[PDB]
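> One structure, as structure tokens, below. Some questions next.
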Number of protein chains: 2
Amino acid sequence: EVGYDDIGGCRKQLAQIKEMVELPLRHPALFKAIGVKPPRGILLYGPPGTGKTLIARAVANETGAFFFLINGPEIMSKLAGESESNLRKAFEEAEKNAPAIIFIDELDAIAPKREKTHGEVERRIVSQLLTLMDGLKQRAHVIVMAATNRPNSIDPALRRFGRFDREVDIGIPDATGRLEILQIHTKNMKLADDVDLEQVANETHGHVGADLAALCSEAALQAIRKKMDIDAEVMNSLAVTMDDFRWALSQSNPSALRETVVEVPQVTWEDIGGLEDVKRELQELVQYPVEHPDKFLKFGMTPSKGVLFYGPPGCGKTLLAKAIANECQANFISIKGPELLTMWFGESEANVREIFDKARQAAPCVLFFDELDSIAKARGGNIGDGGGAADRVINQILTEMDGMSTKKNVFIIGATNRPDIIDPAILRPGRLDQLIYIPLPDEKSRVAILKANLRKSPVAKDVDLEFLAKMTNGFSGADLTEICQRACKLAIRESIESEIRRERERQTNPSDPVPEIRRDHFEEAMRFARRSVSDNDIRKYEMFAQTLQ
Amino acid sequence: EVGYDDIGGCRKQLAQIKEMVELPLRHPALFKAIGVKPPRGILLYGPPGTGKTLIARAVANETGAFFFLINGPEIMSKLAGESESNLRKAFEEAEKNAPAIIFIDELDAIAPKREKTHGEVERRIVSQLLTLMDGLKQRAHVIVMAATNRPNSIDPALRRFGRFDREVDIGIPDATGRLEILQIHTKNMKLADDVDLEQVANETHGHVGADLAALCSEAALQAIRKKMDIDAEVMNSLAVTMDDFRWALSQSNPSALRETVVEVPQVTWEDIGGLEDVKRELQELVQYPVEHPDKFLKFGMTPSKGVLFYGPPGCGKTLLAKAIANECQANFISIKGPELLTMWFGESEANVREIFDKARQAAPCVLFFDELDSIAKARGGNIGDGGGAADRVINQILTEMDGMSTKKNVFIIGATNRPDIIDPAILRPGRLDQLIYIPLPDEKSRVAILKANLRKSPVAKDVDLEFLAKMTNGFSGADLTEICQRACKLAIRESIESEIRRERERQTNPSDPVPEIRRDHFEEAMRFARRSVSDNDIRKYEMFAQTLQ
Ligand SMILES: CCCCCCSc1nnc(COc2cc(F)c(C#CCNC(=O)CC)cc2F)n1-c1cccnc1
Ligand SMILES: CCCCCCSc1nnc(COc2cc(F)c(C#CCNC(=O)CC)cc2F)n1-c1cccnc1
Ligand SMILES: Nc1ncnc2c1ncn2[C@@H]1O[C@H](COP(=O)(O)OP(=O)(O)O)[C@@H](O)[C@H]1O
Ligand SMILES: Nc1ncnc2c1ncn2[C@@H]1O[C@H](COP(=O)(O)OP(=O)(O)O)[C@@H](O)[C@H]1O
Ligand SMILES: Nc1ncnc2c1ncn2[C@@H]1O[C@H](COP(=O)(O)OP(=O)(O)O)[C@@H](O)[C@H]1O
Ligand SMILES: Nc1ncnc2c1ncn2[C@@H]1O[C@H](COP(=O)(O)OP(=O)(O)O)[C@@H](O)[C@H]1O
């Protein structure tokens, strides 16, 4: 017995499921009278152990309609001739009792791709499912929900309209999502109040709901370990501590890892520092078009869907993209350059189709291509010994973007660091056409940069950031954060040494730690760190701008 | 009849199995009351003949719960329709008697990958296993342990949560592990006390437990050979000698060989010699973060998970990595450069996924990439005629490291010998960012180098190491150990000649050997050996440092 309370983190997708499953069953009269056909099939997918079955059970219980789970493994387990008979009688009994939510779990196993169905019985059961789904077009209220993984894995015949009209990408839960999952799974534990259940959540990046349940179980198991060997005083005094969740997190690998995260970033224009002019430009390029479509219709100009950041390597490209995504409260589909390089090397571009389809599934998206044309940098860079500017994977990206100029809800951003090797085919209308030269931080900006970076970390009042900013003239944002991290490392090394010697003194014959960062650490760090981008590079970018501006 | 005593070397993994199999069966009450779901499936894998079946039997006998071994071969041997019936009735009788440890041996054979299951009956039995494992979710206490090899070989559907939650990488036993195995298998032998049973253990690198049992049997068989043809005086006087284990070791090839070893090194900061500053740096980069996480949380700086050693080719890179791993009592997943070159040439990067997954399975790891960007050296080196700095396999390594910044228990080390060809994509936060320029040994250091190398070998008092160190100014550590080995070779050649002439004199008409190394051998060796790294190379590394520092 579960319900809407049990599901956590899944809110947008759960909201869609609520929308799509409540009205056709709880209130079928108005749909029948109006004549609009409700979605017969609802294919919700995602990585394994994401709560697909749990979501289906919860929505079925909340609706109160008749429910009949169907599992792909058990259907396939039966002898030939009995699997299709079982499916047929399941659909029949659903029809006889039909305010109904049929649920086909692991649809991929029962109905994989056409060419990877090796046996004849496999194709027979697939066709049986097809004909049952088509024949349940009758007005009897049955909704055939299906759970799978990698929706491209199932036979595309099922994805055709009239069988599975609507798709739901559950995806990985975000930070708040993982916090909700942990709250749900740690409700009946009597956990010690010392743990927060939120510090662990932010550190469980890439964990899926099943992995979070496993982490909670492993933390409880570590709590058992800490206890020796009595029946009442051990089960009553059990209180999982933060030191137990730490162990569970350490000894628990994520499963749905390195799958492109569909999440809202958490920079909100404050992690980024100043630049005082590109914030307004990004707002006007992506905030005004959505806030005031009427004006854009009046003067008759299609808003630019693409922006290609270019500048010194590391000055706030990814930070700008994340910040503008957060301001719009939109998903941010990060695509690092290494994955594009793997795309080019793997000789497989269908994964680009997959990535763009997943971006399209997330309605408000800020699809971000970091290190764009890193493929050009790989194939000889400026020399171009491999060939011309155009290359393999960027061609597929161009095709998809040309096809993705109609969604008008996925703002594509590019962050090439070497604009001179950018293939000109992508600087065309309908593609990343708007060019914003985010420059190296200025004197007035570096103080804000350091204030943002030193945030969330104690800092003494002695340090004067203005003089440090003037001292670091041509330093890039990456170099500024490197200086901050180096100073922090020096300060923590000093603190650790102080604590070690204090403990040694206390334990020996005898029987403040400077909990702040002071200017000596900052200057010591400055001695080491140096600007990583040469004057030649910024001159080259300025020359590119002059070619444009 | 076996038990915990029989299992040897497997302690960490056996400890995990004890944890995971005792409490759910011996004390099921507290788990039921608390509500945390114990791990239903426990997939323990490793190379063949590693004791997987033996470990399962031992834990089952120690628990005392009902046990029912299931073998993949015999299940598959039955006629179609009888294999699934056999599996079903096995699960049923386990349920009827269910404090239970079901054991599916050779899970790969019964349930291989989805696409490599050719017949329809194969898929039917796989689905039968899936549905049985899902349907045994009931509170009846059955634990479905499974033994396999290369866990990527089994159908990934089984690895999903709720079926096989927990994975156990048994791995090769270490030196102490092989010693324990030999002790177990040589308990009832009446072996002669002359043999130590530990000299053989250190020389059986890559041997698996089954191979160790075979080695013991072959040693006993050689002992039989030495005996001619009586029933009592031959079986009672049998005493295997070290000369028999020597033969067995010689005529016994390892099976689980050249599989990346998950073992703790044995250098413990003493095999390495001095350098007097990078020991502290490594300690502060990997020892302080784990010892004092609270300070790292206070000042708010994510500790650097990666370090990229760079310097003259051969000065203690691998030695430093092994030493820092040993100091932390952590596994050391060595990855030599040749295997990366094979990765690049093989056109297969899924093995990089496999390597990183295996590293993640070992919780405390010091993953070490020796000769990093040797691929760059292969594709034209500094010229880069092949193309840009970025290449094929290092891209996959970068992706995995980006995904491996959350484990916070696998410290990644790189030991590039040519930093100028290192792809800059790996010198970024979240990757191998901290750079430590381990230099050529100094005058004060070479004496320690020679003291360490000459250790465990007799040395005369006449040799003066300080003058030799001054004589070898720019010599690298590889060159110093080469000098030591050459001097030892000259000394042992002299000793062998002396012994040969002494034996010849004794055997002829007539009827100290200098058991030490003296300065004449050292100077004779010095005449030959010369520094292998030129002044140009060290100047280049210094220039790289100046570009950084
Ligand atoms: C959203 C959260 C931040 C990140 C992603 C969302 S971005 C977003 N959300 N909604 C929109 C608005 O889309 C459009 C509105 C229009 F009026 C028009 C028009 C017109 C006039 N036609 C003609 O004259 C001839 C036919 C075209 C649009 F595409 N955009 C958007 C689209 C494009 C660029 N920037 C923003
Ligand atoms: C272990 C045996 C030797 C070889 C392998 C083991 S190495 C090991 N074992 N435990 C650890 C500690 O991990 C971490 C601890 C932390 F406090 C933090 C933090 C923080 C602050 N967050 C923020 O401000 C914003 C979110 C991050 C960690 F990743 N490490 C380790 C990790 C990284 C580098 N060096 C060592
Ligand atoms: N959104 C969620 N809310 C609560 N629990 C979840 C959620 N997602 C996953 N889980 C947990 O993960 C597990 C998923 O198990 P299962 O249903 O077998 O796999 P799947 O969810 O992929 O079908 C459940 O035990 C559930 O408690
Ligand atoms: N304008 C900025 N404000 C604050 N931090 C910045 C800024 N630019 C760069 N950084 C720092 O640099 C890091 C991110 O670098 P990024 O700008 O993403 O590199 P790239 O532009 O090559 O993607 C962050 O840790 C961030 O703190
Ligand atoms: N950790 C261990 N302790 C004792 N013996 C072992 C160990 N590992 C392997 N062996 C030996 O290796 C053999 C393994 O045989 P078998 O069980 O058929 O293969 P596997 O162990 O891979 O299932 C046994 O005879 C056992 O004596
Ligand atoms: N600092 C050192 N102390 C002791 N031995 C060293 C040192 N540096 C190199 N060696 C010797 O060199 C050999 C290992 O070479 P290594 O440093 O691994 O080469 P590389 O650094 O190219 O991987 C060992 O036999 C070791 O005795």
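Letters A, B, ... go to the chains of the structure tokens in the order shown; residues in each chain start at 1; ligands are counted from 1 in the same order.
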For chain A, which residues have at least one atom within 7 Å of chain B, if we go by only C-alpha atoms? Write them as a ChimeraX atom specification, please.

/A:48-49,73-74,76-77,119,205,210,217,235,250-251,257-258,338-339,341-342,345,377-381,456-458,485,488,492,528

> Could you list the protein, DNA and RNA residues that have any atom within 7 Å of ligand 5, counting only C-alpha atoms and all ligand atoms, and write them as a ChimeraX atom specification?

/B:6-10,47-55,181,184,208-210,213

> Using only C-alpha atoms and all ligand atoms, find each protein or nucleic acid residue lying at most 7 Å from ligand 4; present the set as a VMD selection string.

chain A and resid 271 to 275 313 to 319 370 415 417 441 449 452 to 453 477 to 478 481

> What would the file look like if the residues just selected were written as a PDB file, in the first residue's frame with N, CA, C and O atoms?


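File written: part32.pdb
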```
ATOM      1  N   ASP A 271      26.428  32.973  -7.745  1.00  0.00           N
ATOM      2  CA  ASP A 271      27.691  32.270  -7.914  1.00  0.00           C
ATOM      3  C   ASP A 271      28.539  32.947  -8.981  1.00  0.00           C
ATOM      4  O   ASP A 271      29.750  33.116  -8.807  1.00  0.00           O
ATOM      5  N   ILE A 272      27.918  33.341 -10.093  1.00  0.00           N
ATOM      6  CA  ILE A 272      28.614  34.132 -11.098  1.00  0.00           C
ATOM      7  C   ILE A 272      28.878  35.524 -10.544  1.00  0.00           C
ATOM      8  O   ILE A 272      28.140  36.030  -9.687  1.00  0.00           O
ATOM      9  N   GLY A 273      29.942  36.156 -11.039  1.00  0.00           N
ATOM     10  CA  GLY A 273      30.334  37.465 -10.556  1.00  0.00           C
ATOM     11  C   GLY A 273      30.357  38.544 -11.617  1.00  0.00           C
ATOM     12  O   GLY A 273      31.243  38.572 -12.476  1.00  0.00           O
ATOM     13  N   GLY A 274      29.385  39.446 -11.550  1.00  0.00           N
ATOM     14  CA  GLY A 274      29.442  40.667 -12.335  1.00  0.00           C
ATOM     15  C   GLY A 274      29.468  40.439 -13.835  1.00  0.00           C
ATOM     16  O   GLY A 274      28.654  39.699 -14.394  1.00  0.00           O
ATOM     17  N   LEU A 275      30.417  41.125 -14.480  1.00  0.00           N
ATOM     18  CA  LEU A 275      30.536  41.350 -15.921  1.00  0.00           C
ATOM     19  C   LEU A 275      29.523  42.378 -16.415  1.00  0.00           C
ATOM     20  O   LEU A 275      29.658  42.898 -17.528  1.00  0.00           O
ATOM     21  N   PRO A 313      39.585  30.907 -22.152  1.00  0.00           N
ATOM     22  CA  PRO A 313      39.135  29.625 -21.603  1.00  0.00           C
ATOM     23  C   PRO A 313      38.958  29.721 -20.097  1.00  0.00           C
ATOM     24  O   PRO A 313      39.922  29.697 -19.328  1.00  0.00           O
ATOM     25  N   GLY A 314      37.703  29.832 -19.688  1.00  0.00           N
ATOM     26  CA  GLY A 314      37.327  29.934 -18.297  1.00  0.00           C
ATOM     27  C   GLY A 314      37.159  31.387 -17.924  1.00  0.00           C
ATOM     28  O   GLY A 314      38.126  32.049 -17.538  1.00  0.00           O
ATOM     29  N   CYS A 315      35.941  31.903 -18.052  1.00  0.00           N
ATOM     30  CA  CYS A 315      35.624  33.224 -17.529  1.00  0.00           C
ATOM     31  C   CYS A 315      34.175  33.285 -17.064  1.00  0.00           C
ATOM     32  O   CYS A 315      33.677  34.364 -16.729  1.00  0.00           O
ATOM     33  N   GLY A 316      33.488  32.143 -17.048  1.00  0.00           N
ATOM     34  CA  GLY A 316      32.104  32.086 -16.621  1.00  0.00           C
ATOM     35  C   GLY A 316      31.140  31.643 -17.702  1.00  0.00           C
ATOM     36  O   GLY A 316      29.982  32.065 -17.705  1.00  0.00           O
ATOM     37  N   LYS A 317      31.593  30.793 -18.624  1.00  0.00           N
ATOM     38  CA  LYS A 317      30.700  30.284 -19.665  1.00  0.00           C
ATOM     39  C   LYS A 317      29.650  29.356 -19.062  1.00  0.00           C
ATOM     40  O   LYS A 317      28.446  29.634 -19.115  1.00  0.00           O
ATOM     41  N   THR A 318      30.100  28.247 -18.473  1.00  0.00           N
ATOM     42  CA  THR A 318      29.171  27.312 -17.855  1.00  0.00           C
ATOM     43  C   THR A 318      28.393  27.985 -16.738  1.00  0.00           C
ATOM     44  O   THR A 318      27.203  27.714 -16.546  1.00  0.00           O
ATOM     45  N   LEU A 319      29.050  28.868 -15.987  1.00  0.00           N
ATOM     46  CA  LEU A 319      28.346  29.598 -14.942  1.00  0.00           C
ATOM     47  C   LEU A 319      27.246  30.465 -15.530  1.00  0.00           C
ATOM     48  O   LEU A 319      26.141  30.525 -14.985  1.00  0.00           O
ATOM     49  N   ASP A 370      29.218  22.629 -24.022  1.00  0.00           N
ATOM     50  CA  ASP A 370      30.475  23.144 -23.510  1.00  0.00           C
ATOM     51  C   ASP A 370      31.614  22.680 -24.405  1.00  0.00           C
ATOM     52  O   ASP A 370      31.586  21.568 -24.938  1.00  0.00           O
ATOM     53  N   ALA A 415      29.453  27.105 -25.888  1.00  0.00           N
ATOM     54  CA  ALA A 415      30.532  27.734 -25.133  1.00  0.00           C
ATOM     55  C   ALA A 415      31.886  27.369 -25.717  1.00  0.00           C
ATOM     56  O   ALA A 415      32.792  26.914 -25.016  1.00  0.00           O
ATOM     57  N   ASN A 417      35.557  27.668 -26.740  1.00  0.00           N
ATOM     58  CA  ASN A 417      36.681  28.429 -26.214  1.00  0.00           C
ATOM     59  C   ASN A 417      37.646  28.883 -27.300  1.00  0.00           C
ATOM     60  O   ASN A 417      38.488  29.747 -27.034  1.00  0.00           O
ATOM     61  N   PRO A 441      37.534  39.090 -16.650  1.00  0.00           N
ATOM     62  CA  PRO A 441      36.974  40.020 -15.664  1.00  0.00           C
ATOM     63  C   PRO A 441      37.754  41.325 -15.615  1.00  0.00           C
ATOM     64  O   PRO A 441      38.974  41.350 -15.789  1.00  0.00           O
ATOM     65  N   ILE A 449      34.026  38.729  -8.183  1.00  0.00           N
ATOM     66  CA  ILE A 449      34.404  37.331  -8.387  1.00  0.00           C
ATOM     67  C   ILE A 449      34.908  36.735  -7.080  1.00  0.00           C
ATOM     68  O   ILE A 449      34.494  35.645  -6.666  1.00  0.00           O
ATOM     69  N   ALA A 452      32.173  36.324  -4.469  1.00  0.00           N
ATOM     70  CA  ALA A 452      31.343  35.156  -4.735  1.00  0.00           C
ATOM     71  C   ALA A 452      32.070  33.867  -4.380  1.00  0.00           C
ATOM     72  O   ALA A 452      31.487  32.972  -3.757  1.00  0.00           O
ATOM     73  N   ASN A 453      33.341  33.751  -4.766  1.00  0.00           N
ATOM     74  CA  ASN A 453      34.071  32.512  -4.510  1.00  0.00           C
ATOM     75  C   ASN A 453      34.315  32.308  -3.021  1.00  0.00           C
ATOM     76  O   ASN A 453      34.128  31.201  -2.503  1.00  0.00           O
ATOM     77  N   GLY A 477      38.895  34.028 -14.690  1.00  0.00           N
ATOM     78  CA  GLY A 477      38.081  33.558 -13.582  1.00  0.00           C
ATOM     79  C   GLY A 477      38.561  32.228 -13.037  1.00  0.00           C
ATOM     80  O   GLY A 477      38.564  32.004 -11.823  1.00  0.00           O
ATOM     81  N   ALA A 478      38.979  31.326 -13.927  1.00  0.00           N
ATOM     82  CA  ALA A 478      39.573  30.075 -13.478  1.00  0.00           C
ATOM     83  C   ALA A 478      40.799  30.342 -12.618  1.00  0.00           C
ATOM     84  O   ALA A 478      40.998  29.695 -11.586  1.00  0.00           O
ATOM     85  N   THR A 481      39.606  31.691  -9.105  1.00  0.00           N
ATOM     86  CA  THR A 481      39.169  30.617  -8.223  1.00  0.00           C
ATOM     87  C   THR A 481      40.331  29.709  -7.844  1.00  0.00           C
ATOM     88  O   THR A 481      40.345  29.163  -6.740  1.00  0.00           O
TER      89      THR A 481
END
```

> Grab the atom CA of residue 432 of chain A to atom CA of residue 335 of chain A distance for me, in Å with one decimal place.

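Computed distance, atom CA of residue 432 of chain A to atom CA of residue 335 of chain A, equals 15.3 Å.
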
> Hey, which of B:412, B:455, B:158, B:187 ends up closest to ligand 3? Count only C-alpha atoms and all ligand atoms.

B:158

> Enumerate, as a ChimeraX atom specification, the complete set of residues in segment 128-342 of chain B that a backbone-based DSSP assignment places in helix (DSSP H, G or I).

/B:128-135,151-153,156-159,175-185,187-189,199-203,209-226,232-236,242-250,278-291,293-298,317-327,337-342

> Mind giving me the straight-line distance from atom CA of residue 171 of chain B to atom CA of residue 105 of chain B in Å, one decimal?

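Pair atom CA of residue 171 of chain B / atom CA of residue 105 of chain B returns 16.8 Å.
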
> Taking only C-alpha atoms into account, which of B:41, B:234, B:239, B:414 comes nearest residue 427 of chain B?

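Looking only at the distances to residue 427 of chain B, the closest residue turns out to be B:414.
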
> With a distance cut-off of 10 Å and only C-alpha atoms, select the neighbouring residues of residue 545 of chain B, excluding the residue or stretch itself and same-chain residues fewer than 4 positions from it, and output the selection as a PyMOL selection string.

chain B and resi 310-311+419+435-437+539-541+549

> Those residues you just picked out, can you put them in a file as an mmCIF file, in the first residue's frame with N, CA, C and O atoms?


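Just written: again_33.cif:
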```
data_model
loop_
_atom_site.group_PDB
_atom_site.id
_atom_site.type_symbol
_atom_site.label_atom_id
_atom_site.label_comp_id
_atom_site.auth_asym_id
_atom_site.auth_seq_id
_atom_site.Cartn_x
_atom_site.Cartn_y
_atom_site.Cartn_z
ATOM 1 N N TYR B 310 54.732 14.325 -12.621
ATOM 2 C CA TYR B 310 55.450 14.525 -13.870
ATOM 3 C C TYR B 310 56.892 14.881 -13.556
ATOM 4 O O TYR B 310 57.156 15.626 -12.609
ATOM 5 N N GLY B 311 57.815 14.346 -14.348
ATOM 6 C CA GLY B 311 59.223 14.557 -14.120
ATOM 7 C C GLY B 311 60.087 13.693 -15.014
ATOM 8 O O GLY B 311 59.631 13.139 -16.017
ATOM 9 N N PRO B 419 55.061 15.685 -19.707
ATOM 10 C CA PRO B 419 53.929 16.581 -19.442
ATOM 11 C C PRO B 419 53.615 17.529 -20.583
ATOM 12 O O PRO B 419 52.478 18.008 -20.664
ATOM 13 N N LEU B 435 49.450 19.296 -9.463
ATOM 14 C CA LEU B 435 50.673 18.905 -10.147
ATOM 15 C C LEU B 435 51.816 18.901 -9.144
ATOM 16 O O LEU B 435 52.036 19.896 -8.445
ATOM 17 N N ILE B 436 52.533 17.784 -9.073
ATOM 18 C CA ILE B 436 53.683 17.633 -8.193
ATOM 19 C C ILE B 436 54.870 17.246 -9.060
ATOM 20 O O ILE B 436 54.880 16.164 -9.657
ATOM 21 N N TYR B 437 55.868 18.126 -9.127
ATOM 22 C CA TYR B 437 57.054 17.886 -9.947
ATOM 23 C C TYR B 437 58.076 17.143 -9.098
ATOM 24 O O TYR B 437 58.946 17.730 -8.452
ATOM 25 N N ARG B 539 65.866 20.287 -18.254
ATOM 26 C CA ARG B 539 65.620 21.690 -18.572
ATOM 27 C C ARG B 539 64.205 21.886 -19.097
ATOM 28 O O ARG B 539 63.539 22.871 -18.758
ATOM 29 N N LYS B 540 63.732 20.963 -19.935
ATOM 30 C CA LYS B 540 62.374 21.058 -20.459
ATOM 31 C C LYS B 540 61.346 20.953 -19.338
ATOM 32 O O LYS B 540 60.365 21.708 -19.308
ATOM 33 N N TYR B 541 61.551 20.019 -18.409
ATOM 34 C CA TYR B 541 60.625 19.885 -17.287
ATOM 35 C C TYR B 541 60.643 21.136 -16.417
ATOM 36 O O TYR B 541 59.598 21.590 -15.937
ATOM 37 N N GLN B 549 54.716 27.109 -12.228
ATOM 38 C CA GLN B 549 55.294 27.920 -11.166
ATOM 39 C C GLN B 549 56.217 28.966 -11.778
ATOM 40 O O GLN B 549 55.760 29.885 -12.458
#
```

> A:71, A:136, A:222, A:43: which is nearest residue 94 of chain A, counting only C-alpha atoms?

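That would be A:136, the residue with the smallest distance to residue 94 of chain A.
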
> Which residues come within 12 Å of residue 141 of chain A, counting only C-alpha atoms, excluding same-chain residues fewer than 2 positions away, as a VMD selection string?

chain A and resid 21 to 29 31 to 32 37 to 41 65 to 67 91 94 to 102 136 to 139 143 to 144

> Could you name the residues that touch residue 148 of chain B at 8 Å or less, counting only C-alpha atoms, but leaving out those on the same chain fewer than 4 positions away, as a ChimeraX atom specification?

/B:43-46,105-108,154

> Tell me, as a compact mmCIF listing (two decimals) with N, CA and C atoms, in the first residue's frame, which residues lie within 10 Å of residue 471 of chain A, counting only C-alpha atoms; anything in the same chain fewer than 6 positions away does not count.


```txt
# COMPACT_ATOMS: atom_id res chain seq x y z
N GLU A 443 38.60 45.16 -13.54
CA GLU A 443 38.97 45.52 -12.18
C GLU A 443 37.75 45.55 -11.27
N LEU A 465 40.43 42.77 -0.76
CA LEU A 465 40.24 42.17 -2.07
C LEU A 465 40.53 43.12 -3.21
N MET A 526 49.24 33.59 -3.93
CA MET A 526 49.48 34.43 -5.10
C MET A 526 50.87 34.20 -5.66
```

> Per DSSP on the backbone, what are the strand (DSSP E) residues of segment 238-387 of chain B, as a PyMOL selection string?

chain B and resi 262-263+306-310+332-335+368-370

> Once you have the residues from the selection above, write them out as a CSV table (one decimal), in the first residue's frame, restricted to N, CA and C atoms.


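Listing of result.csv after writing:
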```csv
chain,number,residue,atom,x,y,z
B,262,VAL,N,44.0,-6.0,-7.4
B,262,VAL,CA,43.4,-5.2,-6.4
B,262,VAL,C,44.1,-5.7,-5.1
B,263,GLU,N,45.2,-5.0,-4.8
B,263,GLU,CA,46.0,-5.4,-3.7
B,263,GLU,C,46.7,-4.1,-3.0
B,306,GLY,N,42.6,14.4,-7.5
B,306,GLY,CA,43.6,13.9,-8.5
B,306,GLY,C,44.9,14.6,-8.3
B,307,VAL,N,46.0,13.8,-8.6
B,307,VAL,CA,47.3,14.3,-8.6
B,307,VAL,C,48.0,13.7,-9.9
B,308,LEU,N,48.7,14.6,-10.6
B,308,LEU,CA,49.4,14.1,-11.8
B,308,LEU,C,50.9,14.3,-11.6
B,309,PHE,N,51.6,13.3,-11.3
B,309,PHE,CA,53.1,13.3,-11.2
B,309,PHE,C,53.7,13.5,-12.6
B,310,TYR,N,54.7,14.3,-12.6
B,310,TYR,CA,55.5,14.5,-13.9
B,310,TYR,C,56.9,14.9,-13.6
B,332,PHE,N,45.5,-0.5,-4.4
B,332,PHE,CA,46.3,0.2,-5.5
B,332,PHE,C,46.0,-0.5,-6.8
B,333,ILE,N,45.1,0.1,-7.6
B,333,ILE,CA,44.7,-0.4,-8.9
B,333,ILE,C,45.8,0.1,-9.9
B,334,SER,N,46.8,-0.6,-10.1
B,334,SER,CA,47.8,-0.2,-11.1
B,334,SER,C,47.3,-0.4,-12.5
B,335,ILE,N,47.6,0.6,-13.3
B,335,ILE,CA,47.2,0.6,-14.7
B,335,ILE,C,48.4,1.0,-15.5
B,368,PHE,N,45.9,4.4,-10.3
B,368,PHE,CA,47.2,4.9,-10.8
B,368,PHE,C,47.3,4.7,-12.3
B,369,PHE,N,47.5,5.8,-13.0
B,369,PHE,CA,47.7,5.7,-14.5
B,369,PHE,C,49.1,6.0,-14.7
B,370,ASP,N,49.9,5.0,-14.9
B,370,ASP,CA,51.3,5.1,-15.2
B,370,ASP,C,51.5,5.4,-16.7
```

> Go through B:133, B:42, B:460, B:350 one by one, measure the shortest atom-to-atom distance of each to ligand 3 using only C-alpha atoms and all ligand atoms, and give the residue with the smallest value.

B:133
